[PDB]
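Each chain gets a letter, A, B and so on, in the order its sequence line appears, and its residues count up from 1.
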Amino acid sequence: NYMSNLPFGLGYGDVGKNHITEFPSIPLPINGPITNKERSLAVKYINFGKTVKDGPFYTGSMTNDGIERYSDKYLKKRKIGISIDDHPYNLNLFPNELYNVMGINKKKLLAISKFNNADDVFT
Amino acid sequence: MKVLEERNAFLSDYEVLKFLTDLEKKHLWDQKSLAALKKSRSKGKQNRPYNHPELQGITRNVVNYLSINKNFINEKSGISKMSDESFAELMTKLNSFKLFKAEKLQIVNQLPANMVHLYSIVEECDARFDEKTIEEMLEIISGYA
Amino acid sequence: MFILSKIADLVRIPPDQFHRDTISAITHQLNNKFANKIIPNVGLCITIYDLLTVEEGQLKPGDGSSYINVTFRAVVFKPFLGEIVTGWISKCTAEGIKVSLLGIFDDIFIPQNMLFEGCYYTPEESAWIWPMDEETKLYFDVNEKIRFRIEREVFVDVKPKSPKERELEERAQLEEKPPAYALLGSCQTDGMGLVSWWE
Amino acid sequence: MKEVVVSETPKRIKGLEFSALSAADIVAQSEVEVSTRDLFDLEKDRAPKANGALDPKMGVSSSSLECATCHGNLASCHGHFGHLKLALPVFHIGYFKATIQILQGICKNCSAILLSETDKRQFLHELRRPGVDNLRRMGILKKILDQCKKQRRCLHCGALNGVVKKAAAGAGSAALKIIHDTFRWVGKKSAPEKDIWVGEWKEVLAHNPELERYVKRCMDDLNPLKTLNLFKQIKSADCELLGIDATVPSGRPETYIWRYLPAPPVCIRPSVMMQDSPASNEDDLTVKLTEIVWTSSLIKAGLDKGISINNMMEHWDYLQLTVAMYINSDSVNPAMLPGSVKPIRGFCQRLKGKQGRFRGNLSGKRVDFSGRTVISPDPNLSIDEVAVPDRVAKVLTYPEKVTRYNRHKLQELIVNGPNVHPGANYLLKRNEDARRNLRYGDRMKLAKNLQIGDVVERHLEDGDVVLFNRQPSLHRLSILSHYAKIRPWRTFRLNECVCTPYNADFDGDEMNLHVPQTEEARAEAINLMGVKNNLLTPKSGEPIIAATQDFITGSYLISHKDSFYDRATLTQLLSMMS
Amino acid sequence: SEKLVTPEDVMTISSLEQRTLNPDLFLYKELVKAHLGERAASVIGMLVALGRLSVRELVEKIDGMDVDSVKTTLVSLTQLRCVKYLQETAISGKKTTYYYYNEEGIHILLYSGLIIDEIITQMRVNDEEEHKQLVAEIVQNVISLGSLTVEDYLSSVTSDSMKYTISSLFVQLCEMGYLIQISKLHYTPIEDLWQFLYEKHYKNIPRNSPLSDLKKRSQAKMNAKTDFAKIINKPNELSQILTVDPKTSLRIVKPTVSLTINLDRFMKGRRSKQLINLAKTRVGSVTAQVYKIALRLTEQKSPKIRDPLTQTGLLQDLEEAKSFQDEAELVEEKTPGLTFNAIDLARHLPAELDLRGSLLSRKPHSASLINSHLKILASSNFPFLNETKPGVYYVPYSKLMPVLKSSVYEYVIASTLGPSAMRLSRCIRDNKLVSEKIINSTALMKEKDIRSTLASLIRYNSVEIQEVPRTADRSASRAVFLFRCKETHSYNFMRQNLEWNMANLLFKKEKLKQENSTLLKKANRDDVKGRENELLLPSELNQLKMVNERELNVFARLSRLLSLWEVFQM
Amino acid sequence: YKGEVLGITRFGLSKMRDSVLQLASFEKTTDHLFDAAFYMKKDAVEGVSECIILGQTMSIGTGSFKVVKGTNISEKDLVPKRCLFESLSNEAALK
Amino acid sequence: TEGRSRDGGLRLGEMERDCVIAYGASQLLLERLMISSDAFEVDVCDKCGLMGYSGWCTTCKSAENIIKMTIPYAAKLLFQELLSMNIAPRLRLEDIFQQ
Amino acid sequence: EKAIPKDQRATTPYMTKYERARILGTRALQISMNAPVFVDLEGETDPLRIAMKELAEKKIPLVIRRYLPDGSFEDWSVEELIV
DNA sequence: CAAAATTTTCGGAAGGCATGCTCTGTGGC
DNA sequence: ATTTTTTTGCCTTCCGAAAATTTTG
RNA sequence: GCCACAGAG
Ligand SMILES: [Mg+2]
Ligand SMILES: [Zn+2]
Ligand SMILES: [Zn+2]
Ligand SMILES: [Zn+2]
């Protein structure tokens with residue numbers, strides 16, 4: 001019958017369900033409360049991520065209407081972005097086939113972000 | 001269904017009204033055409049109008065919206081009275097001033113007669129134009145070509 | 001307010017429509033598909049203006065109707081940002097006022113964030129009151145000719161729900177949806193409002 | 001107003017992308033988890049029990065229930081999948097040889113492929129040529145596997161790699177076990193792994209000497225849990241050399257090991273109707289699914305309460321054998337199971353053979369609007385005609401669409417009705433979805449209200465195009481297309497000049513008659529398979545439809561040299577042929 | 001969730017879709033997508049999935065990206081040292097550049113704040129605020145820009161005294177090994193470098209040699225090995241600091257060199273920290289301080305975490321493996337800067353440390369007490385120190401790192417699966433191959449507890465079943481099952497598990513930020529910053545507080561995993 | 001035509017034909033389908049047997065060409081209509 | 001069904017199928033083997049290539065990519081059987097008209 | 001861009017049997033869906049015979065698009081094809 | 001020179017397939 | 001818990017065993 | 001419904 005014999009340890013009322021949970025129940029001990037040193041380390045992570053995200057090397061994801069009004073005048077431009085080809089590249093560190101997308105002989109400025117000792121994170 | 005370009009051209013309300021009146025005359029949808037053939041007499045010819053109800057409804061709503069008077073004042077819109085050469089001469093009068101394409105489009109659509117409405121359509125009206133030019137443009141627009 | 005959209009489409013002309021002129025049949029099919037309907041992220045289409053290019057009619061194996069690739073210009077109602085327009089007040093609620101352009105489009109809503117300052121709504125007579133001056137007896141009466149300015153256009157997706165959710169929803173309904181195209185009017189400058197007030 | 005423009009585009013099938021479902025793909029398409037051995041609950045008049053192998057959420061097997069997922073009957077339900085989580089992973093019997101090959105090509109200690117970087121790059125370059133077909137791909141993969149077999153020690157670690165093979169190569173449980181002999185190429189000396197092995201066995205024989213005779217056969221087993229854990233850290237850059245595309249999430253080796261079993265919809269494993277008992281017999285797949293549920297529940301309970309390891313391994317092997325029988329019944333012996341005989345109809349048995357899906361339901365299948373009757377001669381018919389009995393012609397119908405050229409004809413056919421042969425059996429209106437039987441209506445209001453887009457299923461009449469077939473279809477002339485004639489004598493009749501392509505004689509032959517139901521099929525049959533257009537066989541170009549016996553003899557006797565006819569006999573003969 | 005959970009809820013609230021991803025690919029793609037854009041994430045993902053790829057292959061394998069976009073994102077990845085490259089010419093004469101992925105840049109992105117904190121701590125500039133802030137900002141700029149020149153960095157600074165202090169801090173970073181000179185070595189692969197050197201020194205040997213083929217191979221690989229060692233040890237020789245006295249006689253790094261962060265020195269510091277934490281649980285607290293001082297003194301000249309010669313595929317010979325072991329054991333001992341005495345440690349102890357009463361002999365930074373601490377370090381059960389001669393000590397890394405790995409792994413098991421799991425694992429590891437009865441006799445607890453605990457341990461590759469068949473067919477009932485503990489499988493599985501956990505945490509954080517992007521963009525403005533309580537709604541303020549707290553907890557848990565994951569990288 | 005003598009048999013068809021559904025419908029269905037699943041090969045539906053199995057028009061015989069209805073619209077009938085506002089508008093006087 | 005006792009249909013086997021192929025009759029083959037035997041309108045997802053119901057894809061949990069097609073029911077049964085065997089026959093769709 | 005011009009057509013100018021069958025089937029399907037005919041039908045009702053009559057004196061509005069194996073196609077008017 | 005590792009060749013066994021194509025009946029579980 | 005078979009041929013893949021060849025000492 | 005034989009060309 002294939003559904004009659006049981007091992008010695010098991011009982012008849014314990015089998016027949018097969019409810020295997022999908023959610024884990026064994027946590028690592030890393031889930032404790034945060035400390036001051038860990039909070040400074042975390043805000044260092046956050047500041048570094050913000051610095052890289054707004055830096056010249058981002059390569060983002062893969063209402064500017066055509067009508068012209070008088071309000072288009074006296075309107076500020078958003079932000080003059082530093083592009084990929086506006087960095088002082090050391091050309092010895094790159095293959096030759098990537099030269100044409102860089103700036104070989106154009107204006108170069110090195111964008112520097114100053115570290116903020118104060119915690120930008122609000123609580 | 002692919003949109004090659006979202007905005008190909010700008011249509012004045014006069015162009016839309018003229019095109020839809022021509023469409024209603026072609027498809028026998030005007031009030032005169034439906035009252036003459038389909039009403040007050042038998043349809044011996046059986047010259048049925050265009051069957052399409054949705055297009056008829058939307059074109060009737062647009063022709064009624066553009067046919068009733070523009071609300072420059074509290075019974076005709078004026079665009080229903082204009083012609084091609086009148087449109088051309090009025091618009092060429094409008095290029096002579098310091099107006100943009102959108103501002104000229106709104107002027108042609110609504111035909112402002114109120115002073116404050118003409119203030120509302122064009123931005124920085126007092127700074128860009130002195131009182132003489134605003135009076136002249138109000139007289140030109142209110143004159144209906 | 002009205003612009004021209006250039007759209008490429010595939011139209012199926014049934015073989016019983018072969019007696020008509022081909023332009024007339026293509027325009028009829030396009031009017032069936034597009035007239036008085038929301039072109040997504042474009043606006044509301046009224047009527048196809050004209051046809052620019054038509055390809056050869058290709059035929060599917062197992063059907064006699066001719067499929068034609070057609071490029072056409074269509075008149076679409078899309079008020080650009082900043083354009084003012086005159087409507088008729090249909091209903092006023094707590095959150096704002098609802099105005100319709102006489103049947104063509106009944107989905108224009110003006111909220112409190114961009115109406116006249118200090119205005120209040122009276123549920124007893126269903127009207128809004130503007131305290132402009134000592135002569136403050138001015139009312140946003142319904143069925144009245146208001147003038148407003150378009151400040152923002154919103155598109156939503158027409159994404160359907162799960163079939164079980166749809167079935168239980170219609171079962172409960174037997175026992176309101178966000179429109180795909182809407183505009184936000186405003187009153188922030190003299191020249192807005194009722195037509196008679198600035199007579 | 002408020003409606004959105006909808007656009008539908010006619011689409012055909014461009015290709016198929018065969019793959020294996022991952023755990024996420026199995027659960028994502030699932031609707032309910034099978035977590036009960038009980039098919040029905042006895043307290044609710046034998047209703048399909050929730051969370052069982054016959055849960056309604058997977059569909060319905062009877063015409064009286066509802067799906068409760070799409071809320072449709074048996075006719076309009078497409079069936080839905082369930083899923084079943086196993087307590088322990090088991091080997092897929094279909095991918096078992098692939099599992100052997102992918103274990104032979106990786107290090108059994110760090111899951112790295114046993115290849116040098118130069119050989120790896122050269123093989124990847126060979127695999128990526130534009131003109132590579134399946135044969136060259138399998139050749140390159142076999143070369144890669146051989147070069148991996150010839151590697152004695154790993155490159156990323158100093159671990160020793162031997163030979164990976166089946167345990168016994170039979171038909172029982174041992175046929176589904178993987179064994180790795182690490183010291184098969186150990187040679188003579190200098191093997192630290194051998195020193196560790198002999199240290200382990202010296203330690204363990206200090207307490208149990210009786211295992212000394214079994215040390216020789218002891219080799220590194222690869223249970224499905226350890227095999228899965230070894231597959232999990234296989235680098236994706238090495239998956240292309242094993243034949244797996246790693247650019248998709250489901251292209252991983254660990255996909256080919258059973259962790260989640262997709263429970264099929266009950267619409268493809270329906271419960272058979274009763275024969276002599278109030279109970280209903282279930283399909284073998286449902287019974288095997290319940291057995292898998294029970295075995296997995298037993299394994300989980302044993303793991304959670306601590307049964308003996310021998311019993312746990314025995315039940316693991318039982319679960320593996322049960323899943324193997326669920327996929328392929330003839331792969332393993334049913335006698336190895338404790339319960340067990342007719343071998344069950346597994347999933348592989350449903351696909352192979354002349355009665356399988358491919359040869360019995362896909363390449364060829366039973367069709368509608370067909371008839372079979374004994375054939376008898378009729379020389380008065382033209383060679384492009386077949387005589388159909390009026391009894392058959394009143395059943396085999398052709399759906400004619402009402403046009404402006406045939407409205408009155410179909411009105412008359414509707415008036416005549418299903419009983420008079422020039423009539424019709426069904427009418428389908430333009431705006432309706434279900435055809436109305438024409439033997440119950442007024443048959444005069446329907447004829448008068450016949451619109452110009454209806455479909456009326458008229459009787460097979462004279463001039464209809466039919467396909468005429470004799471079943472030993474050796475060549476293409478064994479099926480032809482004839483114009484129909486209607487005769488009252490209950491047999492198919494064809495001209496005897498046409499029985500030669502059919503290889504037919506009127507000694508009891510039965511032939512088949514198909515009626516194409518579309519205009520395109522009718523025109524293609526009458527223009528490509530007509531008797532007039534197929535007078536010559538394509539084998540040699542010689543005529544195949546010509547004078548047969550008793551027509552050659554009469555023609556010879558007419559054309560004999562001593563045959564002289566007067567004008568009366570001449571004229572009678574001339575009128576006799578026309 | 002006592003009630004039934006639909007597969008809808010399983011798919012949408014659990015991480016089932018993330019359990020089918022390779023942990024390395026998942027972690028690298030998540031890190032690159034978090035720091036750089038989605039195009040760089042796609043390129044890195046394809047490089048991990050398909051191995052090495054040309055620019056044309058990357059174009060034809062990624063949909064929607066043309067050659068210009070691929071080249072631009074390759075430049076962006078190459079600047080941050082996230083992509084290695086190798087330019088090779090075929091026999092036909094065509095030249096192709098194949099781009100790899102290198103774990104160095106991705107680990108730099110993963111360890112960034114830990115690196116900054118390590119730089120702040122390891123040069124004792126915590127007392128001075130100006131020096132600490134300057135060091136933090138220069139390290140952050142170096143990591144964010146990948147590699148930079150001192151002249152270009154100082155072109156944005158106008159104060160002469162500030163420029164002098166920045167140059168002095170750059171020199172201080174360079175002399176202690178944390179900033180090195182970037183070169184084509186850091187972009188060329190190790191395997192390709194060793195293959196090129198071996199081929200060059202094999203073709204250098206002339207024809208018709210009297211020596212055989214194995215001797216030719218051994219000579220060529222020995223010459224390639226010494227050339228490879230000389231090439232790898234190049235950036236550690238301080239050749240970029242030799243420019244001394246241009247004016248007023250000070251030492252400055254050259255203004256035409258490109259400095260970059262040194263990952264190996266940081267991992268050496270992390271190894272020292274891990275060893276200090278291990279020693280804190282065996283020998284006291286003052287002894288732990290002495291061990292910390294000794295390890296920080298001999299940290300820069302300690303052997304590397306992973307010897308690159310082991311990553312060249314050369315371990316396929318047993319002789320090469322034992323030669324690597326012998327060379328590591330010799331270089332851990334006979335390096336001139338590794339040995340130390342009590343007098344050497346006496347010059348670096350802090351003022352607060354006393355050592356006076358820490359020792360009881362029987363039941364002022366003195367050299368005898370320091371020697372007693374070093375003796376009890378060297379006499380402990382764990383090999384913290386070894387004595388080449390009486391009074392001199394060195395750290396035996398090659399014999400201490402396996403002990404550290406075993407202790408960390410065992411305590412992870414003890415903390416997760418319970419102390420009984422640790423007892424069972426250590427019992428199985430003590431005597432190598434055992435049966436259930438021998439386990440029950442040696443480890444005194446109940447047999448069903450043994451069976452349940454080992455069944456739990458089996459799922460994580462901690463315990464491997466050895467099947468001994470007693471029949472012709474290997475039936476499970478007739479066979480007998482012994483248990484053995486395999487170290488390599490367990491360490492690999494735990495490393496992959498922690499890597500997947502880090503990747504899942506980063507994915508959760510990125511999803512939370514994406515779903516609160518509107519509020520986060522509103523809050524992250526110059527005017528709003530410092531005025532959050534005024535220009536924001538109370539609900540928006542509460543949501544911002546909750547999001548920031550969740551992000552902080554995520555990054556702290558990531559740091560705690562990194563403290564637990566790098567041990568298996570050793 | 002493949003450089004060697006294959007032979008009209010299941011082993012010959014396994015090398016001559018790269019399709020999956022054609023080989024599965026002939027002989028050894030299970031092995032071919034599981035091999036296709038494991039090696040993740042893409043079966044282009046161009047063969048006759050695949051078109052029969054999936055129910056679509058085969059590419060030989062009456063399916064080797066496409067029937068096209070010649071539309072009678074001339075080019076003169078497709079000239080653009082009068083767009084008056086965008087044609088009469090000039091912005092010479094701002095700028 | 002099979003047999004005249006069950007009002008069954010006559011089998012158009014492999015040999016008859018191949019004879020119809022030899023004539024080049026594509027539409028007749030399509031009518032005999034799909035239209036008159038087991039035609040079935042089914043919903044297939046354009047993204048994941050799987051097979052949905054009621055204009056809804058149970059895998060992507062969305063109705064955006066659903067395309068209605070007509071296939072023999074034996075093909076649908078085969079696809080579900082293969083999916084039950086951990087084989088995923090993901091259909092790939094292309095437009096009939098070149099555009 | 002794949003269209004071969006009318007002057008450079010290389011395929012045979014004789015209408016094959018498969019083209020005849022497909023043309024007849026398509027025209028009969030069109031006529032069965034109430035399409036206008038261009039012949040003086042003498043009481044014929046079946047669409048197939050009307051299609052044959054239309055092909056008899058070449059009064060049928062269809063063209064044949066022949067695909068070469070490379071991808072370029074070739075348009076032949078049915079009245080142009082010789083039968 | 002001959003001991004030891006690697007590779008090739010050679011068997012016997014283990015698998016698989018074929019053992020037409022359609023069609024009509026009954027009898028027992 | 002003694003103990004028959006009940007077609008015939010063809011084909012590839014696997015897998016030790018032995019032979020052939022090269023490679024280390 | 002599954003097997004089992006029995007026949008027809
Ligand atoms: Mg006979
Ligand atoms: Zn259903
Ligand atoms: Zn390895
Ligand atoms: Zn989908």
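Base-pair partner of J:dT4: not found among the strands shown (Watson-Crick or G-U wobble, both distances under 3.5 Å).
With salt bridges taken as basic N to acidic carboxylate O contacts below 4.0 Å, one links F:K28 and F:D31. The pair G:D38-D:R366 does not meet the salt-bridge criterion, since no charged nitrogen lies less than 4.0 angstrom from a carboxylate oxygen. Checked for salt-bridge contact, D:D133 and F:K15 miss the test: no charged N lies under 4.0 Å from a carboxylate O. Of the charged side-chain nitrogens involved, at least one lies within less than 4.0 Å of a carboxylate oxygen, so that D:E193 and D:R153 count as a salt-bridged pair.
Taking the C1' atoms as reference points, I:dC29 lies 15 Å from K:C5, given to the whole Å. Spacing of P atoms, J:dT22 relative to I:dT9, comes out at 13 Å, to the nearest Å. Comparing the same atom, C1', in J:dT24 and in I:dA4 gives a spacing of 8 Å after rounding to whole Å. The gap from the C1' atom of J:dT6 to that of I:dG25 amounts to 27 Å, rounded to the nearest Å. J:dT2 and I:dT24 have their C1' atoms separated by 47 Å, given to the nearest Å. Using atom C1' as the reference point in both I:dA18 and J:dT5, the two lie 22 Å apart (nearest Å). The gap from the P atom of J:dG9 to that of I:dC21 amounts to 22 Å, rounded to the nearest Å. For J:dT13 and I:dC10, the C1' atoms lie 15 Å apart once the distance is rounded to whole Å.
Nucleotide J:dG25 holds its P atom 15 Å from the NZ atom of D:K188, rounded to whole Å. In this structure, CG of D:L160 is placed 12 Å from P of I:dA5, rounded to the nearest angstrom. Between the CD atom of E:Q316 and the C1' atom of I:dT6 there is a distance of 15 Å, rounded to whole Å. Between D:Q151 atom CD and I:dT7 atom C1' the separation is 15 Å, expressed in whole Å. Whole-Å rounding puts the E:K216 NZ to J:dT23 P distance at 11 Å. Atom CG in F:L13 sits about 14 Å away from atom P in J:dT12, given to the nearest Å. Atom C1' of nucleotide I:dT8 and atom NZ of D:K150 are separated by 11 Å, given to the nearest angstrom. Distance, E:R217 CZ to J:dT22 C1': 13 Å, rounded to whole Å.
J:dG16 has a negative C1'-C2'-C3'-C4' torsion, placing its sugar in the south range. For I:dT22, the sign convention on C1'-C2'-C3'-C4' gives a north pucker, since the angle is positive. Its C1'-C2'-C3'-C4' torsion being positive, the sugar of I:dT24 is assigned to the north family. The pentose of J:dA20 is categorized as south (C2'-endo side) on the basis of a negative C1'-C2'-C3'-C4' torsion. Its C1'-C2'-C3'-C4' torsion being negative, the sugar of I:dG12 is assigned to the south family.
With 3.5 Å as the limit, one finds no donor-acceptor pair spanning the side chains of D:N161 and D:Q151. Checked by atom type, the side-chain pair E:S477/E:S475 shows a donor-acceptor distance below 3.5 Å.
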Checklist entry - Along nucleotides 14-29 of chain I, 5' to 3', which nucleotides get a B, which get an S, and which get a -, given that the test is a protein heavy-atom distance under 4.0 Å? => result -SSSS--BSSSS----

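For the pairing with D:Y256, the side-chain contact (heavy atoms from CB on, under 4.5 Å) check across D:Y95, D:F96, D:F91 returns one residue only, D:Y95.
For the pair J:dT12 and J:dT13, the rule of 5.5 Å between ring centres and 30° between base planes classifies them as stacked.
DNA chain I contains the following stems of three or more consecutive Watson-Crick or G-U pairs, with both distances under 3.5 Å: I:8-11 with J:15-18, I:21-24 with K:6-9.
Candidate nucleotides I:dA5, I:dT6, J:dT12 were compared by shortest atom distance to the side chain of D:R152, and I:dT6 ranks first. In this structure, of I:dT7, K:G1, J:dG25, it is I:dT7 that holds the atom nearest to the side chain of D:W185.
Contacts of D:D507 with the nucleic acid, taken as non-hydrogen atoms under 4.0 Å apart, involve only primed sugar atoms and P, OP1 or OP2.
Between D:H92 and F:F34, the ring planes lie perpendicular to each other; the angle is over 60°, past the 30° to 60° tilted range.
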Next on the checklist: Working note: D:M325 + D:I344, criterion side-chain contact (heavy atoms from CB on, under 4.5 Å); need CA distance, chi angles, decisive distance, verdict.
Outcome noted: CA-CA 8 Å; D:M325 290 192 51; D:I344 65 158; 4.0 Å; yes

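Remark: side-chain polar atoms of D:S271 are not paired, donor with acceptor, to backbone N or O of D:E282 under 3.5 angstrom.
The nearest heavy atom of DNA chain J to E:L214 and to D:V164 marks one nucleotide each, and the one closer to the 5' end goes with D:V164. With the nearest nucleotide of DNA chain J identified for both D:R184 and F:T9, F:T9 has the one nearer the 5' end.
A heavy-atom distance below 4.5 Å is not found between the side chains of D:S481 and D:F468.
The side-chain tip of D:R350 points at the ring of D:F347 from less than 6.0 angstrom away and within 45° of straight on.
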